[PDB]
Amino acid sequence: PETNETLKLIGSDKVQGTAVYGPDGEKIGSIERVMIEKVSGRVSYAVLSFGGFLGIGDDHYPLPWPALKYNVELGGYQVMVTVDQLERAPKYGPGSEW
Amino acid sequence: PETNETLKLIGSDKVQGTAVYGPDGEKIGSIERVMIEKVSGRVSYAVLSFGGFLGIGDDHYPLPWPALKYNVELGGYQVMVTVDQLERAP
Ligand SMILES: [Zn+2]
Ligand SMILES: [Zn+2]
Ligand SMILES: [Zn+2]
Ligand SMILES: [Zn+2]
């Protein structure tokens, strides 16, 4: 009796660890977490982890929730992100002046 | 550079496993996951796992997001549910 997915709803423990593919269908990495607004409970952005391992030596690319299209064929999210964009991932979180 | 909490945002991976306490400050269970609306990105409810073990033998209680008040002293969410409510969990 653990449903972690419904027709309209998805569990954060299911989102976490889901493969993320680029336009070309190559795996870039996976979703490490979603960052949820403490007040409203709405997802601000999803954290795409890539390079190295989740939690160690990875980089992070933040994705708006709506950018995460689940591709049945690939069994994961597929996003519009290019190599150049990934290369220029922010060194600090999005909420930072730099 | 692994941060899972800021002033305004909490990471789903930190919310998961967070202790849940009742009005009297006694631990009921913990948050097992939140369920997010696929189309809006809004958290529909968080799943409170209580009794047995996380995922195995446990019971579930759905807590709307505003129902979760973080309590620094207790170190977890404090929620207003009674034992009789928990007993009639769907
Ligand atoms: Zn799915
Ligand atoms: Zn990471
Ligand atoms: Zn906190
Ligand atoms: Zn459970």
Side-chain angles (χ1 to χ4, degrees), chain A residues 2 4-98, chain B residues 1-18 30-47 65-66 68 70 72 75-77:
Chain A
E2 304 299 341
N4 64 2
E5 185 167 2
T6 262
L7 193 55
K8 322 180 106 315
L9 311 169
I10 174 108
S12 53
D13 54 333
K14 182 105 158 42
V15 179
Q16 173 174 318
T18 295
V20 173
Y21 294 90
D24 57 11
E26 210 187 344
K27 184 187 181 163
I28 296 155
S30 69
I31 296 307
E32 193 165 21
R33 67 177 58 84
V34 296
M35 288 292 263
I36 301 154
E37 275 192 7
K38 281 167 171 179
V39 178
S40 64
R42 54 159 305 272
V43 168
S44 185
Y45 58 87
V47 178
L48 165 55
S49 172
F50 67 105
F53 299 104
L54 257 63
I56 44 232
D58 57 332
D59 282 328
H60 298 114
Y61 192 90
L63 300 156
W65 178 256
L68 294 186
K69 311 285 184 200
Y70 188 81
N71 186 318
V72 192
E73 335 193 79
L74 302 177
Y77 291 127
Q78 181 167 43
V79 299
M80 293 190 168
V81 187
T82 65
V83 158
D84 283 351
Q85 281 173 124
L86 287 172
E87 298 195 320
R88 281 180 305 164
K91 34 204 82 153
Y92 313 96
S96 156
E97 255 105 278
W98 205 92
Chain B
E2 219 54 79
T3 111
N4 51 13
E5 186 162 10
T6 69
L7 196 58
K8 298 192 178 301
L9 317 170
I10 184 70
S12 42
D13 61 326
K14 182 175 162 71
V15 170
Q16 294 170 355
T18 297
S30 71
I31 302 301
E32 187 163 3
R33 67 179 53 90
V34 291
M35 291 298 295
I36 299 151
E37 295 180 17
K38 278 170 176 167
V39 139
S40 85
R42 279 158 145 81
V43 164
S44 198
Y45 56 91
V47 180
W65 178 265
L68 306 166
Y70 194 75
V72 186
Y77 291 121

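Every chain is numbered from 1, with letters handed out A, B, ... down the list of sequences.
At a threshold of 4.5 Å between non-hydrogen side-chain atoms, the residues B/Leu9 and A/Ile36 do not count as touching. For the pair B/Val34 and B/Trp65, the minimum side-chain heavy-atom distance is below 4.5 Å.
Nearest heavy-atom pair across A/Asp58 and A/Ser49 is OD2-OG, 2.5 Å. Nearest heavy atoms, A/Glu26 versus A/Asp24: N-OD1, 2.9 Å. When all heavy atoms are compared, the tightest approach of B/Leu68 to B/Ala46 is CD1-CB, 4.0 Å.
In this structure, OG1 in A/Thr6 is found 7.5 Å from NZ in B/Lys38, a value given to the nearest 0.5 Å. Between the CG atom of A/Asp13 and the CD1 atom of B/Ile31 there is a distance of 12.0 Å, given to the nearest 0.5 Å. The line from CG of A/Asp59 to CG of A/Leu86 is 9.0 Å long, rounded to the nearest 0.5 Å. The CD atom of A/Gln78 lies 10.0 Å from the OH atom of A/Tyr21; values are rounded to the nearest 0.5 Å. One finds the OH atom of B/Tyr70 at 8.0 Å from the CD1 atom of B/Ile10 (value rounded to the nearest 0.5 Å).
Side-chain contact check for A/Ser12 and B/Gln16: at least one donor-acceptor pair (N or O, by modelled atom type) lies under 3.5 Å.
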Residues A/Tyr61, A/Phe50; criterion side chain to side chain contact (heavy atoms under 4.5 Å, CB included); working and verdict: CA-CA 8 Å; A/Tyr61 192 90; A/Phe50 67 105; 3.8 Å; yes

List the steps, then state whether side chain to side chain contact (heavy atoms under 4.5 Å, CB included) holds for B/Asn4 with A/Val47. CA-CA 10 Å; B/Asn4 51 13; A/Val47 178; over 6 Å; no

Can you list the steps and then say if A/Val15 with A/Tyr77 is a side chain to side chain contact (heavy atoms under 4.5 Å, CB included)? CA-CA 9 Å; A/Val15 179; A/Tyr77 291 127; 3.8 Å; yes

Under the criterion side chain to side chain contact (heavy atoms under 4.5 Å, CB included), I'd like the reasoning laid out for A/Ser30 against A/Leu48: C-alpha separation, chi angles, the key distance, then a yes or no. CA-CA 6 Å; A/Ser30 69; A/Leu48 165 55; 5.7 Å; no

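Look at B/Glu37 and B/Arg42 and you find no salt bridge, because none of the NZ, NE, NH1 or NH2 atoms lies under 4.0 Å from a carboxylate O.
Remark: A/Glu2 engages B/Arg33 in a salt bridge (charged side-chain N to carboxylate O under 4.0 Å, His left out) (not counting sequence neighbours). Among residues two or more places apart in sequence or in another chain, the side chain to side chain contact (heavy atoms under 4.5 Å, CB included) test is passed with A/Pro62 by A/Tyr45, A/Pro90, A/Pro94.
Side chain of A/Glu32 to main chain of A/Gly55: a donor-acceptor pair is present (N/O by atom type, distance under 3.5 Å, no hydrogens or angles).
Crowding of A/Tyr92 atom OH: a count of heavy atoms from other residues, nucleotides or ligands under 6.0 Å not exceeding 12.
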